[PDB]
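Presented below is the structure to which this report refers.
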Amino acid sequence: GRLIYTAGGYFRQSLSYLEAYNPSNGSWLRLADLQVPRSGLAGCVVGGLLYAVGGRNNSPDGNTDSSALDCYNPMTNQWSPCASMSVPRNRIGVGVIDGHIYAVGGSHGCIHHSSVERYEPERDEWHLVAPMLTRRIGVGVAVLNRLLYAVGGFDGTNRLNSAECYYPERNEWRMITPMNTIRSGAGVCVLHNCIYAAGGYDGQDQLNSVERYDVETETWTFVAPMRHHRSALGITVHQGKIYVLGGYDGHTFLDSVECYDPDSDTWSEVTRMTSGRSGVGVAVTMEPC
Ligand SMILES: O=C(O)C[C@@H](c1ccc(Cl)cc1)c1cc[nH]c(=O)c1
């Protein structure tokens with residue numbers, strides 16, 4: 001069976017936790033800590049391995065943006081460092097295409113990146129690709145039909161409803177239809193033929209609204225809202241359902257986990273994380289041993 005892995009996050013300071021939730025039985029396991037605390041990171045999986053990408057260590061003894069890529073092997077319960085990115089990227093988004101990891105946007109101090117780079121596991125090497133048309137931190141990233149999408153974020157001045165698509169064989173970005181809502185630090189994922197954007201921050205409020213982009217019609221449509229307003233949430237897909245983990249609602253660092261059933265267009269509470277946190281990295285792979 002497969003588990004939902006949550007890595008890092010923020011509560012009072014950046015966190016090192018790696019914990020795994022099993023939808024099939026409701027259990028949480030605490031696994032090997034990250035070597036360096038980090039919030040604002042992203043998670044992804046390639047070849048059954050879990051990767052933690054970017055972020056920032058907000059700590060008593062200083063604040064350090066991360067260029068790190070680290071690899072967790074469920075078979076061994078060990079973290080291993082990989083090649084670092086060209087630049088530190090806090091509040092990063094990532095997507096996987098054809099076994100390669102794309103790192104998108106994020107911040108380094110007051111620098112808000114439009115740059116994008118691609119990691120090749122078989123070479124342990126990062127290479128820059130074409131930059132996005134827009135600087136985006138707190139950017140949502142998803143992959144559909146071997147195309148990469150960057151959705152919302154913050155450009156250093158404004159939070160964004162805009163979104164864009166990267167065509168690998170052209171090494172080019174093009175704008176798509178903007179969302180109906182400004183969202184920085186939404187959760188963005190794919191399910192069936194649609195890109196979903198859940199929650200986020202519009203500069204005033206954390207959001208409970210959820211909308212989805214149909215690549216065939218090029219239009220965004222709202223679906224049922226989440227039960228909890230949240231920005232800086234983690235999101236993933238497990239067996240055809242969207243799960244959202246944690247985040248911030250302007251009052252509380254949430255422990256709430258919700259899942260979305262697209263067939264009934266309903267959100268339900270599923271479990272609580274062991275402690276409230278925002279800015280986690282989340283992905284799905286095999287249980288450890
Ligand atoms: O829009 C912003 O400036 C960044 C945004 C954010 C924070 C964490 C992450 Cl991981 C992703 C996005 C944010 C800021 C303040 N309050 C928010 O609720 C949300």
Side-chain angles (χ1 to χ4, degrees), residues 6-17 34 36-44 52-59 63-68 88-95 103-114 132 134-142 150-163 178-179 181-189 196-210 225-226 228-236 244-257 273 276-283:
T6 182
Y10 181 85
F11 180 63
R12 310 203 180 216
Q13 57 191 34
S14 297
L15 306 173
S16 297
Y17 308 147
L34 289 157
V36 182
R38 59 219 287 198
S39 54
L41 73 160
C44 63
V53 195
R56 168 169 178 116
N57 184 5
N58 295 293
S59 96
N63 303 317
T64 306
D65 296 311
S66 176
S67 64
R89 301 174 180 282
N90 183 33
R91 297 173 179 175
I92 196 178
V94 304
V104 176
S107 53
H108 176 207
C110 62
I111 305 297
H112 295 67
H113 299 311
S114 57
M132 292 180 294
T134 318
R135 301 174 172 166
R136 310 179 177 268
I137 79 79
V139 61
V141 175
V151 175
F154 180 62
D155 68 13
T157 305
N158 299 296
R159 283 89 195 170
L160 302 165
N161 62 0
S162 71
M179 298 184 287
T181 313
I182 294 160
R183 308 178 185 273
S184 178
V188 168
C189 67
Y196 284 72
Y201 179 60
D202 67 6
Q204 228 55 68
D205 300 295
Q206 294 78 22
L207 305 169
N208 69 352
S209 65
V210 181
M226 297 176 295
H228 293 242
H229 298 241
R230 49 182 93 216
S231 68
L233 57 146
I235 195 166
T236 194
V244 295
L245 289 88
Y248 180 66
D249 69 0
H251 184 65
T252 299
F253 292 84
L254 296 175
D255 57 17
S256 164
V257 180
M273 294 187 284
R277 64 193 77 153
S278 61
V280 304
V282 182

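Atoms within each ligand, like the ligands themselves, are counted from 1 in listed order. Throughout, numbering of the chain's residues begins at 1 and tracks the sequence.
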Nearest-contact summary for atom 12 (C) of ligand 1 - protein heavy atom, Å: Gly185 CA, 3.4 Å

Polar atom proximity, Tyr248 to ligand 1 (N or O, under 3.5 Å): no

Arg230 side chain reached by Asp249 side chain, heavy atoms, under 4.5 Å: no

Protein contact to atom 8 (C) of ligand 1 [nearest heavy atom, distance to 0.1 Å]: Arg91 NE, 3.4 Å

Atom CZ of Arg159 with >12 non-hydrogen neighbours under 6.0 angstrom: yes

Residue, atom name and distance, where the atom is the protein heavy atom closest to atom 1 (O) of ligand 1: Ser184 OG, 2.7 Å

Distance-only donor-acceptor check, side chains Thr6 and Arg277, under 3.5 Å: no

Approximate separation, where rounding is to 0.5 Å, of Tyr201 OH and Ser231 OG: 8.0 Å

Nearest neighbour in protein (non-hydrogen) for atom 18 (O) of ligand 1: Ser231 OG, 2.6 Å

Donor-acceptor side-chain pairing of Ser107 and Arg56 below 3.5 angstrom: no

Protein residue, atom and distance nearest to atom 13 (C) of ligand 1, heavy-atom basis: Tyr201 CD2, 3.7 Å

Nearest non-hydrogen protein atom, atom 9 (C) of ligand 1: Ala232 CB, 3.6 Å

Heavy atom of the protein closest to atom 3 (O) of ligand 1 (residue, atom name, distance): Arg159 NH2, 2.7 Å

Any donor-acceptor N or O pair under 3.5 Å, side chains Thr134, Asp155: no

